[PDB]
Amino acid sequence: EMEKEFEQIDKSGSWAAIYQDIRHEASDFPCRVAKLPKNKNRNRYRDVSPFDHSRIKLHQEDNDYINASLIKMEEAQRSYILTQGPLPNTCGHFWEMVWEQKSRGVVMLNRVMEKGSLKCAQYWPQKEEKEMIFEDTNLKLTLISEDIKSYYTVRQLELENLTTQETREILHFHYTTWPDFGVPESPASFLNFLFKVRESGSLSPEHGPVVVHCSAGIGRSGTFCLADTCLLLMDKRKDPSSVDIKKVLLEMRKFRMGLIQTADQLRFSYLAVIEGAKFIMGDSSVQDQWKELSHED
Ligand SMILES: O=C(O)COc1c(C(=O)O)sc(-c2ccc(O)cc2)c1Br
C-alpha cells in the first residue's frame, strides 16, 4: 500500500533519502545527438538533455533535433512527450513536433517569466487578431478562445500546416501557480487541473501523445506524468495497492532523465495519487470537492 508507505516515510522523516535512492538507481543512457555542437542552441539547459533512444525526431532532413522525449508507458498504455519549454529559435520545431506527432493537447506547467528569468518563449498567440506564423516549419497558429481561471487557463488554438492547408484544434492547458522546484498549493488544485486535461479527451489513445512541458521539462512535468500514470494504472486494475509509485517513476526515467526534481515533489506525487484514488475507486463526489477547494473562480 502506497498510503502505509507514505506515513512510514513521513514518520521516519526520510523523503530526502528515498528520493536520492531513486536518483542513484535511475537509468543512464547516452544523449549523443543532444550534445552535438550544432544543437547547442536548441537546448535551454546544458545539463538537461533527451536520451537518444527516446528522443523525438523532427521529420526533416536539415536537422531533426529537439529537446523532447517520448515517455512510453507500456503497461499503463499511455504516452506523453516531455519537452523543454521552447526557446526563441525552437518555437517552429515545437509546433512541428506537435503536428507530426498528432498531439491534441499541450500542458504548460510554468509561467513565461519566473524568478526574474524568462523560462520559456512566447510560443502561442495571446490575442485572436494576432496569429503567429512560424516561417521555418511553415505553420500558422491562431488563438481561437481562452477560458481564464484562478490559477490555470485553457486555450483553444488552431494549428494549420501551411504546406497542406490542413488545420487542427490544439487545446492548451496552462497551470500558472506551480512554483519552479516547488509543488501545487494542494492535491485538490492539482487533481482538478489534471482532470480538466483528462476530460478534454487530449489523453485519449486515438490522439498522439500529449505534450507536457515546464521549463526544463522534468521537474513539474515529471510530477504531472507520474501522478497521471499511477492513477491510470490502478484505474485499469481498480486496485490501488497494485501500484508502486517509485517503481513507476523509475520506469519513466528510462525515457528521460531527472523526472521529478526534489523530494517534496515526490512526496506531493504520493499525496495526489492517494487523493485521486478516491475518485478512481468510485467516489465521484471528490471531483466537485477538488473544484471547490481549488477556487478556480
Ligand atoms: O520544473 C521544475 O521543478 C524545475 O525546473 C528546472 C529549472 C527552472 O524551472 O528554473 S532549472 C532546472 C535544472 C536543474 C539541474 C540542472 O543541472 C539544470 C537545470 C530544472 Br529541473
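Under my numbering, think of the first position of the sequence shown as 141, with each following residue one higher.
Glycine included, C-beta positions come from ideal geometry on N, C-alpha and C.
Non-local beta-carbon contacts of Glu215 in its own chain, meaning distances under 8 Å to residues more than five positions away in sequence, involve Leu373 in chain order. Secondary structure of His164 (DSSP, three-state): helix. Judged by DSSP secondary structure, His312 falls within the beta strand (DSSP E) whose first and last residues are 306-315. CA-CA distance, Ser152 to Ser409, rounds to 18 Å. Shown here, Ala367 sits in a helix according to DSSP, grouped into three states.
The residue from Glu306, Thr223, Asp375, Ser434 with its alpha-carbon nearest to that of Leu399 is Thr223. Around the beta carbon of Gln405, 16 or more other beta carbons sit within 10 angstroms, so the residue counts as buried. Leaving aside the five residues that flank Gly357 on each side, the residues in its chain whose CB is nearer than 6 Å to its CB run, in chain order, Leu222, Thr223, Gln224.
Residue nearest to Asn278 within the set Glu300, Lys431, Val246 is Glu300 (criterion: CA-CA distance). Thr282 sits close to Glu271, with the two beta carbons spaced by under 8 Å.
Cβ neighbours of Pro324 within its own chain (closer than 6 Å, five residues either side excluded): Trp318, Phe330. By the Cβ neighbour-count rule, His233 is buried, with 16 or more other Cβ atoms within 10 Å of its own.
For the stretch 215-258, the continuous alpha helix (DSSP H) assignments of 4+ residues that do not extend past its boundaries occur at 231-240, in sequence order.
Counting only residues of its own chain and dropping the five nearest sequence neighbours on each side, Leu366 has a CB closer than 6 Å to the CB of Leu389, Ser409. Annotated as distal: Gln266 and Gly348, with beta-carbon spacing of 8 Å or more.
Straight across, the Cα-Cα distance linking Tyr315 with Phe333 is about 8 Å.
The three-state secondary structure of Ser285, taken from DSSP, is strand. Distances from the CB of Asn250 to the heavy atoms of ligand 1 include at least one below 7 Å. Under the three-state reduction of DSSP output, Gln429 falls in the helix class. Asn203 sits close to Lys178, with the two beta carbons spaced by under 8 Å. No residue range can be given for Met421, since it is assigned to no beta strand (DSSP E) and is classified by DSSP as neither H nor E. Apart from sequence neighbours up to five positions away, the residues of its chain that approach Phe395 with a beta-carbon distance below 6 Å are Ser194, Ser209, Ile211, ordered along the chain. The beta carbon of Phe419 sits closer than 7 Å to the beta carbons of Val426, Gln427 from its chain, once the five residues preceding and following it are set aside; these are given in chain order. Residue pairing of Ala156 in beta bridges, as defined by DSSP: absent, with no partner found. The criterion of a C-beta distance shorter than 8 Å is satisfied by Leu371 and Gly416.
Taking C-beta atoms under 8 Å as the contact rule, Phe169 and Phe191 qualify, at a distance of about 4 Å. Within the chosen limit of 7 Å, ligand 1 does not reach the beta carbon of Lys418 with any heavy atom. Taking the Cα positions, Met237 is about 35 Å away from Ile158. In this structure, the C-beta of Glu236 stays at least 7 Å away from each heavy atom of ligand 1. In this model, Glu432 and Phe364 are separated by some 21 Å (Cα to Cα).
In this structure, the beta-carbon distance from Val413 to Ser243 does not fall below 8 Å.
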